[PDB]
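Inspection log for the structure reproduced underneath, given as C-alpha cells.
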Amino acid sequence: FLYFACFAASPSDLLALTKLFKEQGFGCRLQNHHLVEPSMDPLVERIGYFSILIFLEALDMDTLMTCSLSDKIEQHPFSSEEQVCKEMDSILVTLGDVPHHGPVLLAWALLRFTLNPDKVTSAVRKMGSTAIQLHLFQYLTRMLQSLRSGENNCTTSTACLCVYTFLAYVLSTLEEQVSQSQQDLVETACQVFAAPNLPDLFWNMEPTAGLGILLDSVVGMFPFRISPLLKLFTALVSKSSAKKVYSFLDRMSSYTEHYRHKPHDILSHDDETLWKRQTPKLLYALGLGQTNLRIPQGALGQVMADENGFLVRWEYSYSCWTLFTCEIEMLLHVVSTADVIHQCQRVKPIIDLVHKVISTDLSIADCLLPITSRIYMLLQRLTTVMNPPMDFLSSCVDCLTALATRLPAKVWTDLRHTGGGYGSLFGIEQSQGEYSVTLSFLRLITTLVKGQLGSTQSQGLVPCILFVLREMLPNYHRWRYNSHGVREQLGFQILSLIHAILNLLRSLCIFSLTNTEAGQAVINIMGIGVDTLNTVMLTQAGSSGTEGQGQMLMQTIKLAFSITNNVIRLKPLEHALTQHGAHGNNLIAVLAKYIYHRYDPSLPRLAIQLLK
Amino acid sequence: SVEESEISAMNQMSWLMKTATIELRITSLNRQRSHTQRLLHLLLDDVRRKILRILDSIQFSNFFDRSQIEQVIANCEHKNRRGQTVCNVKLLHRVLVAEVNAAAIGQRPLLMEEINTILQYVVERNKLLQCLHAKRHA
C-alpha cells in the first residue's frame, strides 16, 4: 500500500492483486484459516484493510477525478487497457458477499463510470448497488479508526488521504443516491479529517465538489442536525484553518427548521418555493439572555417537502457561537429535568469543538468567553446529578484544561470556586470501567501544576495531589479495565503528573513516595521485568513499533525509573528496593536484567543510574 | 448457571464443593503446592475475582376458608432433602380432590378450581422451599 502510494501501481499488478485477494477472499478463505483464535481476528481485518486500500490505492482516485473534471479521461492508466478492465470486471462481478468487497466494487464501478459513461453494462450497476448495499461507509469508518488506533504515522496518513480522495470522487459522481447514509459518511470525513494534512486540502478546494458538498448540505440542516455539522467543523479544525472555522461559524449562511404547519406569518412567493418571514421569530426564549438569536423579517425560506411538513431553510445570518450559547443556557435551565441526559448529547457536539478550537489557537480563547464562563456553572450543576453524563463532564473538563493551559491561576480560582465533586465521577468510573472523567481531571491537574501557578497557588492543589498519590497510584492496578491499555495510560498520566511536579510540591511528593504505598507501586511498575516489556513489544501488529501500547508501557517504566532516581537524589522505600522479593527475584536483579533492553537506551541508562 | 434447572445446578455445585473440600483436607494432610497455587492465582490475580463472582451468583433474595386452607397446607409440608420446607403439592392435590369428592353438586366445579389453586400454592411453596435450601447449601 505504501509503495503504491509512493509510485503509481500499474493496472496489471492491480489485476493480479485483485485475483490474489479473491483467492484468499480478502483474508477470509485462508489455507490455514482453521487455526485462528479470537486473539488473531484484528490481523485478518488488517490483511483485509490493506486489501481494500491496495485495491483503492491502485485505482488512484485523484487522477480519475481530475481527468473527469478536465475532459481528458484517456490519461488515466485504465483507459487504453480494455482487457484488464474486462477481466477485472469478470472478477469483481462475483463479489458482494463480504464487507471488504464494498469499496473495491465501488471505485471500480466508479472506474467503469469514468472510462466509459455510455458503455455502462448492468455489471457496473449491480456492482454499485452492491457497494451501497455492503455498508461500505461504516467499513471505511472502522478501517480508519483501527488503522489510526496506532498513533497515526505516515501509514495512517496515506490511508486517510486515499480515503479522502476516493470519497471525494464518490461525492462528485453519484450526488443523489448517497443521501440515505448522511450519518455514516459523516464519520467517514470525521475519519479522513483526523489527519493533520487533510484539513488544509479541504479548505483549499472549491466548496461545490468533493467533501465540501457534504458540508454544504450539512449547513443546509443547521441548527436542526447540530451534531453532524459540529463534528465536521471540529474535524476540519487545524492550525491553519482555526480562524477559518471560527469565522464560518460566526457567519452562518443558512438556518434550518422543521415546520409541521405553515405559520400564519409565512408569506409565500408564487411558486411556494421562496417564502418570506413576516414577523420576528425568537429562537430560544431563555430569559434575560444577551444572545437572542432572531431570524429577521422579510428573510427567505426555501421550502423542501418532508413527509410530515416543510423543511424550511431560511437565509438568516445567525451567529453559531451565540446560538450554542443559548443552547448551553437551555442546558443550564433544564438540568433538573429528565431530558438533561439527551440535552448533553445536543450540547456535546459544541463543547467538543470548543476545546478543539480553544486548544488549537489560544488567541481565540477570549472570543469564546461566553461558553467558557458557562462551562463552570454547567459542571457545578451536572456533577451532582445522580447520573453524571461522564462524557459531558469529560469534554467540559477538557475545554477547561485547554483554557488553563494559558491562564493557570484564573482557571484555578474559577474551578476551585465550583468544587470534592470529582470524587463521585471517580467512584462511578472505578465501578463502571472507563476513566475519561478521572483522566480529564488528571489532564487539568497536570496543566495547572505545570503552568507555573505562583507559590501561593500550589497550596490549593495539594489535596488533589494527595488524591493522585494515595488512592490512584496504589490501586490503579486492581481497578477494572474494560479495555486494554487504559489502565496503563492511567498509571502513565499519574506518573507524568508526579514527575512534572517533582521536576519543578517537592517535599510532599518525596514524603508520600518514601513513606506510603506509592513507593511499592512504582517499584512494581519498574519490576514488571524486561521480558514482559519485550513480549508486549512484539505484540504490536503494525508500523507503530515506536507508537504501540508497548511504547506507552516503556514510557511508564522509564517514568517510574526517573521517579525513583529523583526521589533518591532529593532525599521504607529503600528497604523495599534492597529487600529480596518473596519470590526469589530481588528487585535489584530485575533492574540489572534491564541491561538486556536493546531498543531504548534511555531505559538501561536510567536503570544504571539507579544502580549507581 | 442453569436458568431452567436452577435447583439442580445448585445441588450439583454444592456436592462438587463438598468433594473438593474432602480433597483439600487430604491434600493438605500430606502435601502439594502447585495445584493449590494455580487455583489461588486464578482466584485472585487481577475482572471480578473468581470466587467473588461465584459468591455473586448465589442470589440471596426469595370457596375455601383461608385459615383452614393454611392449616392443610402446613400439614403437607415436608423437609425436603436439603432442609427445604416444601409444600408437597401432590399430597395437597390428593387431599383437596378428596375433600371435594366427599347444593353440593352445583358448586363441584368451584371447589375443584379451589383445590387446583391450593395445589398451585403448595407447588410454588415447595419450589420456594427448594430454592431456599438450595441457596442454603450454596
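Please note that chains go A, B, ... in the order of the C-alpha cells, that every chain numbers its residues from 1, and that ligands are numbered from 1 in the order shown.
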Interface residues on chain A facing chain B, 8 Å, only C-alpha atoms, written as a PyMOL selection string: chain A and resi 477-478+480-481
Show me a table, sorted first by chain and then by increasing residue number, of the residues of segment 38-100 of chain B having an atom at most 7 Å from segment 123-130 of chain B, each with its shortest atom pair and the distance in Å to one decimal, counting only C-alpha atoms and written as a Markdown table.
```
| residue | atom | partner | partner_atom | distance |
| --- | --- | --- | --- | --- |
| B:84 | CA | B:129 | CA | 4.6 |
| B:85 | CA | B:129 | CA | 5.0 |
| B:86 | CA | B:126 | CA | 3.6 |
| B:87 | CA | B:126 | CA | 4.3 |
| B:88 | CA | B:126 | CA | 6.2 |
| B:89 | CA | B:123 | CA | 4.9 |
```
Residue with smallest distance to residue 107 of chain B - pool B:25, B:32, B:63, B:134, counting only C-alpha atoms: B:63
Can I get the residues of segment 180-278 of chain A within 8 Å of segment 290-309 of chain A, each with the closest pair of atoms and their distance in Å to one decimal, using only C-alpha atoms, sorted chain first then ascending number, as JSON lines?
```
{"residue": "A:258", "atom": "CA", "partner": "A:309", "partner_atom": "CA", "distance": 7.4}
{"residue": "A:259", "atom": "CA", "partner": "A:309", "partner_atom": "CA", "distance": 5.9}
{"residue": "A:260", "atom": "CA", "partner": "A:309", "partner_atom": "CA", "distance": 4.6}
{"residue": "A:261", "atom": "CA", "partner": "A:309", "partner_atom": "CA", "distance": 6.3}
{"residue": "A:272", "atom": "CA", "partner": "A:303", "partner_atom": "CA", "distance": 7.3}
{"residue": "A:273", "atom": "CA", "partner": "A:303", "partner_atom": "CA", "distance": 5.4}
{"residue": "A:274", "atom": "CA", "partner": "A:302", "partner_atom": "CA", "distance": 5.2}
{"residue": "A:275", "atom": "CA", "partner": "A:301", "partner_atom": "CA", "distance": 4.9}
{"residue": "A:276", "atom": "CA", "partner": "A:300", "partner_atom": "CA", "distance": 4.5}
{"residue": "A:277", "atom": "CA", "partner": "A:298", "partner_atom": "CA", "distance": 4.8}
{"residue": "A:278", "atom": "CA", "partner": "A:297", "partner_atom": "CA", "distance": 5.4}
```
Can I get the selected residues back with N, CA and C atoms, as a short mmCIF file (atom, residue, chain, number, x, y, z; two decimals), in the first residue's frame?
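Output saved as out_35.cif:
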```
data_model
loop_
_atom_site.label_atom_id
_atom_site.label_comp_id
_atom_site.auth_asym_id
_atom_site.auth_seq_id
_atom_site.Cartn_x
_atom_site.Cartn_y
_atom_site.Cartn_z
N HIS A 258 -37.73 22.67 11.04
CA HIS A 258 -38.75 21.71 10.63
C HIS A 258 -40.11 22.18 11.12
N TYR A 259 -41.01 22.48 10.18
CA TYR A 259 -42.30 23.07 10.48
C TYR A 259 -43.40 22.08 10.13
N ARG A 260 -44.26 21.78 11.11
CA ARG A 260 -45.38 20.89 10.86
C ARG A 260 -46.46 21.58 10.04
N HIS A 261 -46.74 22.84 10.35
CA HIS A 261 -47.76 23.59 9.63
C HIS A 261 -47.23 24.97 9.28
N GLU A 272 -44.36 28.94 -4.22
CA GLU A 272 -44.33 28.32 -2.90
C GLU A 272 -42.92 27.83 -2.57
N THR A 273 -41.96 28.16 -3.44
CA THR A 273 -40.58 27.75 -3.24
C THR A 273 -39.80 28.75 -2.41
N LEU A 274 -40.09 30.04 -2.55
CA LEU A 274 -39.42 31.09 -1.79
C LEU A 274 -40.45 31.76 -0.90
N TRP A 275 -40.34 31.54 0.40
CA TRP A 275 -41.22 32.17 1.37
C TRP A 275 -40.49 33.35 1.98
N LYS A 276 -41.25 34.32 2.48
CA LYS A 276 -40.70 35.44 3.22
C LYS A 276 -41.23 35.38 4.64
N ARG A 277 -40.35 35.65 5.60
CA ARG A 277 -40.72 35.67 7.01
C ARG A 277 -41.35 37.02 7.34
N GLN A 278 -42.58 36.99 7.87
CA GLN A 278 -43.33 38.21 8.11
C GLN A 278 -42.88 38.95 9.36
#
```
Quick one: residues within 10 Å of residue 362 of chain A, only C-alpha atoms, excluding same-chain residues fewer than 5 positions away - as a compact mmCIF listing (two decimals) with C-alpha atoms, in the first residue's frame?
```txt
# COMPACT_ATOMS: atom_id res chain seq x y z
CA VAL A 357 -10.88 25.38 18.92
CA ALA A 402 -7.23 23.86 27.35
CA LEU A 403 -8.26 27.20 28.84
CA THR A 405 -3.03 25.95 29.52
CA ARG A 406 -2.85 29.74 29.02
```
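Here atom CA of residue 132 of chain B and atom CA of residue 2 of chain B stand 16.0 Å from one another.
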Residues flagged helix (DSSP H, G or I) by DSSP in segment 3-138 of chain B, as a ChimeraX atom specification: /B:6-30,34-44,50-57,66-75,89-101,108-137
Do a neighbour search on residue 491 of chain A at 12 Å with only C-alpha atoms, toss out local chain neighbours closer than 2 positions, and write the hits as a PDB file with N, CA and C atoms, in the first residue's frame.
```
ATOM      1  N   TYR A 435     -12.533   5.654  32.336  1.00  0.00           N
ATOM      2  CA  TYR A 435     -11.960   6.677  33.203  1.00  0.00           C
ATOM      3  C   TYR A 435     -11.731   8.000  32.481  1.00  0.00           C
ATOM      4  N   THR A 438     -11.892  10.767  35.249  1.00  0.00           N
ATOM      5  CA  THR A 438     -10.662  10.817  36.028  1.00  0.00           C
ATOM      6  C   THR A 438      -9.500  11.304  35.179  1.00  0.00           C
ATOM      7  N   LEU A 439      -9.387  10.803  33.946  1.00  0.00           N
ATOM      8  CA  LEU A 439      -8.289  11.216  33.076  1.00  0.00           C
ATOM      9  C   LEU A 439      -8.368  12.703  32.757  1.00  0.00           C
ATOM     10  N   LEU A 442      -7.131  14.534  35.625  1.00  0.00           N
ATOM     11  CA  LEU A 442      -5.677  14.447  35.667  1.00  0.00           C
ATOM     12  C   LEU A 442      -5.038  15.407  34.677  1.00  0.00           C
ATOM     13  N   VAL A 468      -4.032  12.092  44.060  1.00  0.00           N
ATOM     14  CA  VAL A 468      -3.356  11.469  42.926  1.00  0.00           C
ATOM     15  C   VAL A 468      -2.271  10.516  43.409  1.00  0.00           C
ATOM     16  N   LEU A 469      -1.802  10.709  44.642  1.00  0.00           N
ATOM     17  CA  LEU A 469      -0.671   9.918  45.123  1.00  0.00           C
ATOM     18  C   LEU A 469      -1.121   8.715  45.946  1.00  0.00           C
ATOM     19  N   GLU A 471      -4.572   7.286  46.411  1.00  0.00           N
ATOM     20  CA  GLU A 471      -5.685   6.436  46.001  1.00  0.00           C
ATOM     21  C   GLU A 471      -5.596   5.989  44.548  1.00  0.00           C
ATOM     22  N   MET A 472      -5.006   6.803  43.677  1.00  0.00           N
ATOM     23  CA  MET A 472      -4.941   6.440  42.267  1.00  0.00           C
ATOM     24  C   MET A 472      -3.789   5.480  41.995  1.00  0.00           C
ATOM     25  N   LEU A 473      -2.573   5.874  42.362  1.00  0.00           N
ATOM     26  CA  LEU A 473      -1.406   5.059  42.036  1.00  0.00           C
ATOM     27  C   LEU A 473      -1.364   3.737  42.787  1.00  0.00           C
ATOM     28  N   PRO A 474      -1.851   3.632  44.024  1.00  0.00           N
ATOM     29  CA  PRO A 474      -1.710   2.360  44.744  1.00  0.00           C
ATOM     30  C   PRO A 474      -2.678   1.295  44.277  1.00  0.00           C
ATOM     31  N   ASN A 475      -3.843   1.677  43.758  1.00  0.00           N
ATOM     32  CA  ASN A 475      -4.860   0.715  43.373  1.00  0.00           C
ATOM     33  C   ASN A 475      -5.133   0.670  41.878  1.00  0.00           C
ATOM     34  N   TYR A 476      -4.561   1.583  41.090  1.00  0.00           N
ATOM     35  CA  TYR A 476      -4.857   1.624  39.661  1.00  0.00           C
ATOM     36  C   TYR A 476      -4.570   0.297  38.976  1.00  0.00           C
ATOM     37  N   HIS A 477      -3.778  -0.568  39.604  1.00  0.00           N
ATOM     38  CA  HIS A 477      -3.561  -1.893  39.044  1.00  0.00           C
ATOM     39  C   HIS A 477      -4.778  -2.789  39.200  1.00  0.00           C
ATOM     40  N   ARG A 478      -5.529  -2.639  40.289  1.00  0.00           N
ATOM     41  CA  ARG A 478      -6.652  -3.519  40.579  1.00  0.00           C
ATOM     42  C   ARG A 478      -7.957  -3.053  39.956  1.00  0.00           C
ATOM     43  N   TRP A 479      -8.058  -1.781  39.585  1.00  0.00           N
ATOM     44  CA  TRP A 479      -9.293  -1.255  39.036  1.00  0.00           C
ATOM     45  C   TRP A 479      -9.658  -1.987  37.755  1.00  0.00           C
ATOM     46  N   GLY A 485      -4.924  -1.258  27.815  1.00  0.00           N
ATOM     47  CA  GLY A 485      -4.199  -0.021  27.641  1.00  0.00           C
ATOM     48  C   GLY A 485      -4.642   1.116  28.536  1.00  0.00           C
ATOM     49  N   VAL A 486      -5.935   1.217  28.840  1.00  0.00           N
ATOM     50  CA  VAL A 486      -6.421   2.365  29.598  1.00  0.00           C
ATOM     51  C   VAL A 486      -5.880   2.339  31.021  1.00  0.00           C
ATOM     52  N   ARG A 487      -5.739   1.150  31.607  1.00  0.00           N
ATOM     53  CA  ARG A 487      -5.109   1.057  32.921  1.00  0.00           C
ATOM     54  C   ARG A 487      -3.677   1.571  32.867  1.00  0.00           C
ATOM     55  N   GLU A 488      -2.927   1.132  31.854  1.00  0.00           N
ATOM     56  CA  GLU A 488      -1.551   1.580  31.691  1.00  0.00           C
ATOM     57  C   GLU A 488      -1.478   3.086  31.486  1.00  0.00           C
ATOM     58  N   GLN A 489      -2.357   3.642  30.651  1.00  0.00           N
ATOM     59  CA  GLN A 489      -2.312   5.079  30.399  1.00  0.00           C
ATOM     60  C   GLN A 489      -2.724   5.869  31.634  1.00  0.00           C
ATOM     61  N   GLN A 493      -0.262   8.664  33.094  1.00  0.00           N
ATOM     62  CA  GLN A 493      -0.594  10.053  33.381  1.00  0.00           C
ATOM     63  C   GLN A 493      -0.352  10.379  34.849  1.00  0.00           C
ATOM     64  N   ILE A 494      -0.658   9.437  35.747  1.00  0.00           N
ATOM     65  CA  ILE A 494      -0.351   9.640  37.162  1.00  0.00           C
ATOM     66  C   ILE A 494       1.140   9.903  37.348  1.00  0.00           C
ATOM     67  N   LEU A 495       1.976   9.058  36.741  1.00  0.00           N
ATOM     68  CA  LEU A 495       3.420   9.224  36.863  1.00  0.00           C
ATOM     69  C   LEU A 495       3.900  10.511  36.206  1.00  0.00           C
ATOM     70  N   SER A 496       3.289  10.905  35.086  1.00  0.00           N
ATOM     71  CA  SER A 496       3.681  12.142  34.421  1.00  0.00           C
ATOM     72  C   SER A 496       3.402  13.343  35.306  1.00  0.00           C
ATOM     73  N   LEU A 497       2.215  13.390  35.909  1.00  0.00           N
ATOM     74  CA  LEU A 497       1.919  14.453  36.859  1.00  0.00           C
ATOM     75  C   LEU A 497       2.928  14.453  37.996  1.00  0.00           C
ATOM     76  N   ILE A 498       3.177  13.278  38.581  1.00  0.00           N
ATOM     77  CA  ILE A 498       4.115  13.190  39.697  1.00  0.00           C
ATOM     78  C   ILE A 498       5.471  13.761  39.308  1.00  0.00           C
ATOM     79  N   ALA A 518       2.775   4.386  47.409  1.00  0.00           N
ATOM     80  CA  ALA A 518       3.250   4.798  46.093  1.00  0.00           C
ATOM     81  C   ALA A 518       4.642   4.250  45.814  1.00  0.00           C
ATOM     82  N   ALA A 521       4.261   0.736  44.674  1.00  0.00           N
ATOM     83  CA  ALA A 521       3.556   0.720  43.397  1.00  0.00           C
ATOM     84  C   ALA A 521       4.497   1.046  42.246  1.00  0.00           C
ATOM     85  N   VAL A 522       5.262   2.129  42.376  1.00  0.00           N
ATOM     86  CA  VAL A 522       6.220   2.480  41.333  1.00  0.00           C
ATOM     87  C   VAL A 522       7.299   1.416  41.239  1.00  0.00           C
ATOM     88  N   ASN A 524       6.805  -1.740  41.603  1.00  0.00           N
ATOM     89  CA  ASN A 524       6.229  -2.792  40.772  1.00  0.00           C
ATOM     90  C   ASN A 524       6.217  -2.385  39.307  1.00  0.00           C
ATOM     91  N   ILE A 525       5.820  -1.142  39.034  1.00  0.00           N
ATOM     92  CA  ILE A 525       5.829  -0.648  37.662  1.00  0.00           C
ATOM     93  C   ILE A 525       7.209  -0.827  37.050  1.00  0.00           C
ATOM     94  N   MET A 552       3.872   3.141  25.135  1.00  0.00           N
ATOM     95  CA  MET A 552       3.356   3.742  26.358  1.00  0.00           C
ATOM     96  C   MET A 552       3.831   2.971  27.581  1.00  0.00           C
ATOM     97  N   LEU A 553       3.912   1.645  27.473  1.00  0.00           N
ATOM     98  CA  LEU A 553       4.371   0.841  28.600  1.00  0.00           C
ATOM     99  C   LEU A 553       5.807   1.185  28.971  1.00  0.00           C
ATOM    100  N   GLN A 555       7.297   3.878  28.294  1.00  0.00           N
ATOM    101  CA  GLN A 555       7.262   5.226  28.839  1.00  0.00           C
ATOM    102  C   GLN A 555       6.927   5.199  30.322  1.00  0.00           C
ATOM    103  N   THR A 556       5.960   4.371  30.711  1.00  0.00           N
ATOM    104  CA  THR A 556       5.603   4.253  32.120  1.00  0.00           C
ATOM    105  C   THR A 556       6.766   3.697  32.931  1.00  0.00           C
ATOM    106  N   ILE A 557       7.477   2.724  32.366  1.00  0.00           N
ATOM    107  CA  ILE A 557       8.622   2.151  33.066  1.00  0.00           C
ATOM    108  C   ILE A 557       9.696   3.209  33.284  1.00  0.00           C
ATOM    109  N   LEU A 559       9.325   6.302  33.324  1.00  0.00           N
ATOM    110  CA  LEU A 559       8.803   7.278  34.269  1.00  0.00           C
ATOM    111  C   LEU A 559       9.014   6.817  35.701  1.00  0.00           C
ATOM    112  N   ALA A 560       8.673   5.565  35.999  1.00  0.00           N
ATOM    113  CA  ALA A 560       8.908   5.043  37.341  1.00  0.00           C
ATOM    114  C   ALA A 560      10.388   5.109  37.694  1.00  0.00           C
TER     115      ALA A 560
END
```
All strand (DSSP E or B) residues (DSSP, backbone) inside segment 24-98 of chain B, as a count of residues only: 6
